[PDB]
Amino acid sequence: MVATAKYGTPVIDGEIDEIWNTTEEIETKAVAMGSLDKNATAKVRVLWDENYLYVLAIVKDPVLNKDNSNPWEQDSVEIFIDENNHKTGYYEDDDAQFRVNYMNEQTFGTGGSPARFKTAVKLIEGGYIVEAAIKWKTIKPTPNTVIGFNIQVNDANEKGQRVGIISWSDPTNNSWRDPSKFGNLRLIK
């Protein structure tokens, strides 16, 4: 429900900056489809500065696949932001869904834009690391500012079928259209 992100500016390249160690790690344990022991999950660290929100997601996934024509059905990570944290039941102008797969290919849901999304992906033993920067659209964050946030891992099998949907705050697979399913992220100094 609630987490924090330390102020900081990491380099987007898929490598783990020392600074990521200064912020808490959250886990995607809100299951909508699949299970924690059998499907893709991520260990996530979050940082922020006046211009972007930064996300480091270490994904556990032994089988990588992107054969499905649906981007949400390819092994990928989705990031959700609610800048004014209104927790509405639908997307406002400030709300957004961003997506990037293990090949660092970006796709977008409502509100998401490539002009505000920089990403890098590096494969690792047993999975992959996603490092992203999301440019704020409507706000200029200050310490103790609270935004709505969620991160989801889509797990596809060798058959190109999505078998897992696990996020941090949403076990109902509605984050793509319902910000009220996002958790709260306090931007701290």
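Numbering starts at 1 and runs along the sequence shown.
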item: Selected stretch [higher average CA B-factor]: 137-145 or 23-31; value: 137-145
item: Average Cα temperature factor in the PDB entry - higher stretch of 147-155, 66-74; value: 66-74
item: Chain-wide C-alpha B factor ranking for residue 45, given as lowest, middle or highest third; value: lowest
item: Among modelled residues of the same chain, the CA temperature factor third for residue 61; value: middle
item: Position of residue 53 among the chain's modelled residues by C-alpha B-factor, lowest, middle or highest third; value: middle
